[PDB]
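Report on the structure given below.
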There are 6 protein chains.
Amino acid sequence: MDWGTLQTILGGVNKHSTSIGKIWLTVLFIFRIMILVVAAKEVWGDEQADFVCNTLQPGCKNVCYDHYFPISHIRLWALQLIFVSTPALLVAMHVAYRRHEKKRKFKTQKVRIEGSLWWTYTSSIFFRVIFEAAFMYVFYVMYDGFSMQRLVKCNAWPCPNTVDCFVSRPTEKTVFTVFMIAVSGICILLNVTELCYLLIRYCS
Amino acid sequence: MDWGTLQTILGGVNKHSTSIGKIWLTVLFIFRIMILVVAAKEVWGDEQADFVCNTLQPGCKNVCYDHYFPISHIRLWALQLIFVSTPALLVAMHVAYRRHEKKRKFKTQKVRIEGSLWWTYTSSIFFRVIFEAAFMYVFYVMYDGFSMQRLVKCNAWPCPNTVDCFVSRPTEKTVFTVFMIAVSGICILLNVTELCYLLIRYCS
Amino acid sequence: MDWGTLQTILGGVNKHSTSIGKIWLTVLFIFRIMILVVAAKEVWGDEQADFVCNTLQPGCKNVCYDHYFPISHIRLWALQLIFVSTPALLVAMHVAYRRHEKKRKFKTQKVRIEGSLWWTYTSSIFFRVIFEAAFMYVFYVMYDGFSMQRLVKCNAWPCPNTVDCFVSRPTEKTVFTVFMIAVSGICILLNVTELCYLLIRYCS
Amino acid sequence: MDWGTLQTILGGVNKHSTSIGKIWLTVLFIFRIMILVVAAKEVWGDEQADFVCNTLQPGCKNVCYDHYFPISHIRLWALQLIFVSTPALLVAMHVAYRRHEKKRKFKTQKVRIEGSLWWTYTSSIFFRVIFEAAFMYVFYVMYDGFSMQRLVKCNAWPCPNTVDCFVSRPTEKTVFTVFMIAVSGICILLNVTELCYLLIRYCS
Amino acid sequence: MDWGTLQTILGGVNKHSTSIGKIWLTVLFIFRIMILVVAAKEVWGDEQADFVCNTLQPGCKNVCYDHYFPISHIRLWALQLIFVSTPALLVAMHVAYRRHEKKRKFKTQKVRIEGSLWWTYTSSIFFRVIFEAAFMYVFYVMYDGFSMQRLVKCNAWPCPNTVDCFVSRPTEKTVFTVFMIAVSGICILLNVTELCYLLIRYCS
Amino acid sequence: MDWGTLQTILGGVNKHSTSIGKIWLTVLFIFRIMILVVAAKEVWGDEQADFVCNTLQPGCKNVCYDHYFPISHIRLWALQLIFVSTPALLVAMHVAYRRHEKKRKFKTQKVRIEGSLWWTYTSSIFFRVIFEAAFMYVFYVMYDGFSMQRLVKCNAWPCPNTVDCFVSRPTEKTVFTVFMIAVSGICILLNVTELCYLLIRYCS
């Protein structure tokens, strides 16, 4: 996945995740980012190049592909990954800033949420759940479910009447779409349990 | 985004941003640079290859694409990012130079603007606001709003009369254009508040 | 293989493998990841570009390629490598966590499985065997053996009657498929012997 | 811009630039090299692929492109950047060599030109000015100004009579050509002032 | 050759090669891996794209290319390099493991083979010779000598009768094939002399 | 130029070059390797893709390109650079090995050739001159001078009679060929003077 300096970033975030945030970070890096960069991205390489329409109308292929794929699946996943990673990155900085200041004023134990960290950790989990569900909704309603069809019927101008068009690798894209949605749903469940851990402690 | 040496550069600039400059740096790196290199750039990959014109005139596609896209959006964003990052890069050097000299003559506290740093920080914010607004204006008047059309009508020589041409992925490009403009506008608001913080202190 | 930071990751996992896990790590990195990254991936570069069908029907090539290659071989291997590497990555973290805590409470000997590490090492080997056999089963039944044919007969809509189609580099792909399957079978045998080593110790 | 080891190279040259050479280094790295690698290079990607000539003569497109673009603009800029960077790279080594020997025989102050460094610094600036003006002259006379035309008229063999040919992205290339020339002219002015600083000191 | 971390790997293996293994490592890295990465690989880039067959039969080009190039030369060389490097990589670890343990139980001299290292070094040389000769044999009998022909005559189904086909860059591929074979033969001679050095010592 | 770890390699060789070998190393890295990687390589990208022949004979383009470009210019330069760099790389190791042993038995002065280093340095320069002249001869006689022609006349089978073919970017390739030859000739003169420095000392 290129870059090169994960060990600092991956190591930095790892040291500042309480109990489940370490499990969440593994699922995020290995099964969402690694899948996207190593397998999924090349699958969508020829999405418009291999888009085939049964017509002789110039410009009909351009508007039919645009109508049915307003935003690419891989571009949607890249935006979603950036949005869910930001609250985790910000909070991990807060723990390092809180720890450094106390050490300066003054035993590497587990990360504990006791003071001002409560309102930043709880909000970060809330933002992660909201962002994750928002992108799942966009995926469902924009593409009419998680299955890609071989044939799309298009009647936008300048296509005469209805034109038949054919998608490239629809089955492979369905397999990867289901994988991302399922892993995304797992991350939602992981975040909810972390809320349950915190809420019962406050209620107790 | 390749490179590899961000941790020094990102870490260096981060340590020398007062209060909002740290929020500004996050929005710049994560939501402007990361989007451009990971999602936006591949969207514009086939801008001229998939440009289709309904004509038989040789050379008509070349002049019509040039007329309606004098400079690509991604090339415009790359220039804008370079121009806004330079004042921040220079001032971060000034803080490190001011701090180092005092240490040589001789408590890592927050960055404070008290002496000659006042005329460099204030000018840096002023330049960033001016650069940000200048590029937003160029985007609006060159492309006639932030929405990309499916069809462009072209009558430049040697095209006979008016020729219909069709843009590649107009909807995807509109979505990313709105995202950059919205994030660019947020950075303008963040810079203005930093001016308000400094101006009231001087007025007090 | 790009990346750049194996030496930390490869060095980290190597130091925490008992006797056979060091042989397993060599076979995994050198004969599965190196083969896929350096040789296999470019073999599948033109899988659909050089797919040729004897027909004049628009859209027939798209549905016939999708029917016979629902998921690419290289994308299947990438998923399999990620799934088998995860249990080994997790357990290597457990050994480092178990060792670090003892040092904090307080002779670099070989890795020994005596306490809570028994239920994590044994499950890690069990998961690796199950994952390895599941992907070998998918390879066999999805593609009807490990040999790729030169000609595939396709009758899916919209292809009229049965259409003859021709695969790109079928012999090269067969050679690499047999190589990956054989190395995958070796890793299964290596894991089973490690179970035999542990089970006799518990039974004794 | 790939590479990865700038921090050593950029850091090394930065520490050995007197007053203006630090401003010169910023303009060189940020507005000449960064522009070339991030924006300019992809603009010239399809210079010959999208070169279109209104003719049926085989081989006419090859000789007409060669006639009007004997050497590409980006390749010209790459050569110019290498030539201007070499004198600065060499002199920066001289300062480090002069400083190291004094330390071995034996207060990090500003770089001062007093002894044998006078004839190396002065010649380095002179070579940089001469190289910069020579490449600006080549740009002007080879391409007949800094504006690229949409249409070129070609009559070289084997093209029959005069053939009309059309350039790819002429407006975008004009924008980047004007930018590089203007920044190159700024570097000339910066170097001349450094000569004025040194010459008055010697005359005094 | 991309990667980035040879200096650790190259430095590690270099420090653990007796007398000729240092000469062997230079020939392997510089004249086998560097040539393949930098020069040879791009020569085979258009092997099937520029494969031309004088026919109108659909699918005839696919089966004729497959028949005459079952596995590409560059893919064959990549497999051979991996197989010959593994015994050297493993033995270098044994020397470092033997040296480290004795130091822990307890003068950086030359590498000496006296104890258990005898059966690992001798087998490593034997495996390297066997692997090198096996791949040379495969190259000879698969491609009928080391010279690539311009024309190949193909009669496999569905090609009607015998079809003439033309290879891309046959002369350049012949030059690089002879270079690898000659360098491969040198490595065989180097390994044999190392056996002669060891065998006479044991016989004495 | 990718890679990433020149600073160790470039720094290592730099510290072990007597007087002229430092100038030689600069010319080699900056004006031979930099030019080839950054400018020359992309010029030859479409050498066969844009090779155009005025004919209807299938396979005629393949044999005519092969006849007139048996080895690519860039592939020739890559081989030459590897051959000339090897003697300098080997000798730099000898200086470090000779120096390290003295330190172990035991004032960083200039590199001096007094003992066994005489027969390795002198042979290294002799090999470099011989290799440099050998590749100059191959360039001249294989391509009939250093100027590339627009038109090549080809009569090899299966081309009927003589076929006219047209080269891609012949003028740009001539400019870079002359540059490499001139810089290569400078390196020959630099090596000869180093022989003159050594020979007079021995004769004295």
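Here's how to read the names in the structure tokens: chain A, B, ... by the order shown, residue numbers from 1 in each chain, ligand numbers from 1 in the order shown.
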Discussion item. I need the chain B residues near chain F as a ChimeraX atom specification; criterion: at most 12 Å, counting only C-alpha atoms.
Written reply: /B:2-5
Worksheet item: If you run DSSP on the backbone, which residues of range 2-202 of chain D are strand (DSSP E or B), as number ranges by chain?
Response: D: 52-53, 151-154, 163-166
Same residues, N, CA, C and O atoms, output as an mmCIF file, in the first residue's frame:
```cif
data_model
loop_
_atom_site.group_PDB
_atom_site.id
_atom_site.type_symbol
_atom_site.label_atom_id
_atom_site.label_comp_id
_atom_site.auth_asym_id
_atom_site.auth_seq_id
_atom_site.Cartn_x
_atom_site.Cartn_y
_atom_site.Cartn_z
ATOM 1 N N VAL D 52 -2.767 15.281 -33.659
ATOM 2 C CA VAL D 52 -3.695 14.912 -34.722
ATOM 3 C C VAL D 52 -3.363 15.718 -35.967
ATOM 4 O O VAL D 52 -3.281 16.950 -35.912
ATOM 5 N N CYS D 53 -3.184 15.025 -37.087
ATOM 6 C CA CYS D 53 -2.889 15.651 -38.368
ATOM 7 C C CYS D 53 -3.962 15.279 -39.381
ATOM 8 O O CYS D 53 -4.340 14.110 -39.498
ATOM 9 N N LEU D 151 -2.780 25.150 -33.841
ATOM 10 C CA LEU D 151 -2.557 24.610 -35.173
ATOM 11 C C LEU D 151 -1.123 24.865 -35.612
ATOM 12 O O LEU D 151 -0.599 25.969 -35.441
ATOM 13 N N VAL D 152 -0.492 23.838 -36.175
ATOM 14 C CA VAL D 152 0.833 23.949 -36.774
ATOM 15 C C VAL D 152 0.736 23.483 -38.219
ATOM 16 O O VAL D 152 0.087 22.472 -38.510
ATOM 17 N N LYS D 153 1.367 24.227 -39.121
ATOM 18 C CA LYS D 153 1.374 23.900 -40.539
ATOM 19 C C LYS D 153 2.707 23.262 -40.898
ATOM 20 O O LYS D 153 3.768 23.834 -40.632
ATOM 21 N N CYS D 154 2.646 22.080 -41.501
ATOM 22 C CA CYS D 154 3.813 21.233 -41.698
ATOM 23 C C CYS D 154 3.914 20.837 -43.162
ATOM 24 O O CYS D 154 2.922 20.417 -43.764
ATOM 25 N N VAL D 163 0.285 20.322 -44.436
ATOM 26 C CA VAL D 163 -0.670 19.520 -43.682
ATOM 27 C C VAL D 163 -0.994 20.248 -42.386
ATOM 28 O O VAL D 163 -0.095 20.779 -41.725
ATOM 29 N N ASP D 164 -2.276 20.287 -42.035
ATOM 30 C CA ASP D 164 -2.709 20.887 -40.782
ATOM 31 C C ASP D 164 -2.637 19.863 -39.657
ATOM 32 O O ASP D 164 -3.142 18.745 -39.789
ATOM 33 N N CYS D 165 -2.015 20.248 -38.549
ATOM 34 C CA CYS D 165 -1.886 19.383 -37.388
ATOM 35 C C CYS D 165 -2.308 20.151 -36.144
ATOM 36 O O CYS D 165 -2.224 21.380 -36.097
ATOM 37 N N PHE D 166 -2.773 19.417 -35.139
ATOM 38 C CA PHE D 166 -3.377 20.016 -33.958
ATOM 39 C C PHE D 166 -2.699 19.508 -32.695
ATOM 40 O O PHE D 166 -2.486 18.304 -32.530
#
```
Practice prompt. Using backbone DSSP assignments, extract all helix (DSSP H, G or I) residues from range 38-160 of chain A; output them as an MDAnalysis selection string.
Written response: chainID A and resid 38:43 60:68 73:105 117:143
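Of note, CA of residue 171 in chain A and CA of residue 65 in chain A are spaced 17.6 Å apart.
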Which residues of range 25-79 of chain A sit at most 12 Å from range 88-104 of chain C, using only C-alpha atoms? Give each one's shortest atom pair and distance in Å (one decimal place), in chain and ascending residue order, as CSV.
```
residue,atom,partner,partner_atom,distance
A:26,CA,C:90,CA,9.2
A:27,CA,C:90,CA,11.6
A:30,CA,C:89,CA,10.7
```
Discussion item. Please list as an NGL selection string every residue within 12 Å of residue 130 in chain A, counting only C-alpha atoms and excluding residues in the same chain fewer than 5 positions away.
Written reply: :A and (80 or 83-84 or 87 or 123-125 or 135-137 or 187-188 or 191-192)
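For the residues D:1, D:74, D:182, D:113, ranking by smallest atom-to-atom distance to residue 38 in chain D using only C-alpha atoms places D:1 first.
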Practice prompt. Give me the residues within 12 Å of residue 114 in chain D as a ChimeraX atom specification, counting only C-alpha atoms and dropping any in the same chain fewer than 2 places off.
Written response: /D:95,98,111-112,116-122,198,201-202
Write the residues of the preceding selection, restricted to N, CA and C atoms, as a PDB file, in the first residue's frame.
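out23.pdb was written with the following content:
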```pdb
ATOM      1  N   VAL D  95      31.512  24.348   1.788  1.00  0.00           N
ATOM      2  CA  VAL D  95      31.298  24.954   3.099  1.00  0.00           C
ATOM      3  C   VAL D  95      31.392  23.899   4.193  1.00  0.00           C
ATOM      4  N   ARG D  98      35.124  22.951   4.432  1.00  0.00           N
ATOM      5  CA  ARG D  98      35.882  24.002   5.103  1.00  0.00           C
ATOM      6  C   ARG D  98      35.581  24.031   6.596  1.00  0.00           C
ATOM      7  N   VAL D 111      26.697  31.650   7.536  1.00  0.00           N
ATOM      8  CA  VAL D 111      27.747  31.339   6.575  1.00  0.00           C
ATOM      9  C   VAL D 111      28.401  32.631   6.107  1.00  0.00           C
ATOM     10  N   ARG D 112      29.728  32.682   6.182  1.00  0.00           N
ATOM     11  CA  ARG D 112      30.496  33.854   5.787  1.00  0.00           C
ATOM     12  C   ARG D 112      31.468  33.483   4.677  1.00  0.00           C
ATOM     13  N   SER D 116      38.991  31.290   0.474  1.00  0.00           N
ATOM     14  CA  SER D 116      38.876  30.584  -0.795  1.00  0.00           C
ATOM     15  C   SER D 116      37.426  30.387  -1.212  1.00  0.00           C
ATOM     16  N   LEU D 117      36.485  30.502  -0.273  1.00  0.00           N
ATOM     17  CA  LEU D 117      35.070  30.405  -0.604  1.00  0.00           C
ATOM     18  C   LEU D 117      34.610  31.532  -1.517  1.00  0.00           C
ATOM     19  N   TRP D 118      35.369  32.626  -1.599  1.00  0.00           N
ATOM     20  CA  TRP D 118      34.960  33.743  -2.441  1.00  0.00           C
ATOM     21  C   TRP D 118      34.944  33.354  -3.912  1.00  0.00           C
ATOM     22  N   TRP D 119      35.969  32.640  -4.369  1.00  0.00           N
ATOM     23  CA  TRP D 119      36.059  32.287  -5.777  1.00  0.00           C
ATOM     24  C   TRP D 119      35.159  31.120  -6.156  1.00  0.00           C
ATOM     25  N   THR D 120      34.667  30.355  -5.184  1.00  0.00           N
ATOM     26  CA  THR D 120      33.733  29.277  -5.481  1.00  0.00           C
ATOM     27  C   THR D 120      32.286  29.755  -5.420  1.00  0.00           C
ATOM     28  N   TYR D 121      31.953  30.583  -4.427  1.00  0.00           N
ATOM     29  CA  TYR D 121      30.605  31.137  -4.351  1.00  0.00           C
ATOM     30  C   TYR D 121      30.322  32.075  -5.516  1.00  0.00           C
ATOM     31  N   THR D 122      31.274  32.951  -5.842  1.00  0.00           N
ATOM     32  CA  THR D 122      31.061  33.901  -6.929  1.00  0.00           C
ATOM     33  C   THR D 122      30.914  33.185  -8.265  1.00  0.00           C
ATOM     34  N   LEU D 198      27.985  40.905  -2.702  1.00  0.00           N
ATOM     35  CA  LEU D 198      29.393  40.536  -2.605  1.00  0.00           C
ATOM     36  C   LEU D 198      30.294  41.584  -3.244  1.00  0.00           C
ATOM     37  N   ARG D 201      31.008  44.695  -1.152  1.00  0.00           N
ATOM     38  CA  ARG D 201      31.902  44.386  -0.041  1.00  0.00           C
ATOM     39  C   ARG D 201      33.355  44.354  -0.497  1.00  0.00           C
ATOM     40  N   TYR D 202      33.621  43.734  -1.648  1.00  0.00           N
ATOM     41  CA  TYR D 202      34.981  43.712  -2.177  1.00  0.00           C
ATOM     42  C   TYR D 202      35.429  45.104  -2.602  1.00  0.00           C
TER      43      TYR D 202
END
```
Fill in: Between CA of residue 61 in chain F and CA of residue 48 in chain F - distance in Å to one decimal
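That distance, rounded to one decimal, is 8.8 Å.
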Fill in: Between CA of residue 173 in chain A and CA of residue 43 in chain A - distance in Å to one decimal
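It comes out at 7.1 Å.
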Practice prompt. Do a neighbour search on residue 36 in chain C at 9 Å with only C-alpha atoms, toss out local chain neighbours closer than 2 positions, and write the hits as a list in words.
Written response: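 The filter keeps residues 31, 32, 33, 34, 38, 39, 40, 41, 42, 74, 77, 78, 176 and 180 of chain C.
Of the residues under consideration (F:10, F:167, F:159, F:129), F:167 shows the shortest atom-to-atom contact distance to residue 68 in chain F when counting only C-alpha atoms.
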